[PDB]
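If you want the numbering used here, it's the position in the sequence shown, counting the first as 1, plus 50. Think of the CB as a built atom: it goes at the ideal place given N, C-alpha and C, for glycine as much as any other residue. I have placed the structure first, in the form of structure tokens, so that the comments after it can refer back to it.
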Amino acid sequence: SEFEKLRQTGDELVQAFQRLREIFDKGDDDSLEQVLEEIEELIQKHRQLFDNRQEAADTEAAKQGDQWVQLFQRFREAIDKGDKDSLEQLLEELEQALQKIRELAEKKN
Numbered sequence: 051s052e053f054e055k056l057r058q059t060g061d062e063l064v065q066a067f068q069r070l071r072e073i074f075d076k077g078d079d080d081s082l083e084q085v086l087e088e089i090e091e092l093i094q095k096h097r098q099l100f101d102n103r104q105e106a107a108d109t110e111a112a113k114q115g116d117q118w119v120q121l122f123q124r125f126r127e128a129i130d131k132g133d134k135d136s137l138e139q140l141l142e143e144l145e146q147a148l149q150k151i152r153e154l155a156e157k158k159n
């Protein structure tokens, strides 16, 4: 129901994340930080749709959100440390996370 909003927001996230990676390559922490805020706004709305639809275990759905938050939480901390090692690692984790979320959104069991 209303998959248009879920799909569009998911796609917009992927597009923004690619741009986030592109900005990271430039070493521009300012634009990177700004996009993180933009992503945050998208995450909240996407989470709202997911938290409403949540057909899977609520504990898992909540814990997944907890994991998702920890990813961005650590990401900003890594930026603060100027630790490029963690930044690249988190970017990889982020992409794989998107791939998993996408499949779950289609209910691929």
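Between the CA atoms of residue j and residue i - distance to the nearest angstrom
| i | j | result |
| --- | --- | --- |
| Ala111 | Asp130 | 29 Å |
| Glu87 | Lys158 | 30 Å |
| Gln98 | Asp79 | 28 Å |
Per-residue burial, residue i [other beta carbons within 10 Å of its own, 16 or more giving buried]
| i | result |
| --- | --- |
| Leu121 | exposed |
| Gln114 | buried |
| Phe74 | buried |
| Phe125 | buried |
| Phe100 | buried |
C-beta contact flag for residue i and residue j at 8 Å
| i | j | result |
| --- | --- | --- |
| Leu144 | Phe67 | yes |
| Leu140 | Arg71 | no |
| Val85 | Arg103 | no |
Residue nearest to residue i in terms of C-alpha spacing, selected from the options
| i | options | result |
| --- | --- | --- |
| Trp118 | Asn102, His96, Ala106 and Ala107 | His96 |
| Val64 | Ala128, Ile89 and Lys55 | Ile89 |
Inset, instruction - Would you be able to state if there are at least three C-beta pairs under 8 Å between the region 57–73 and the region 145–154? - result: yes
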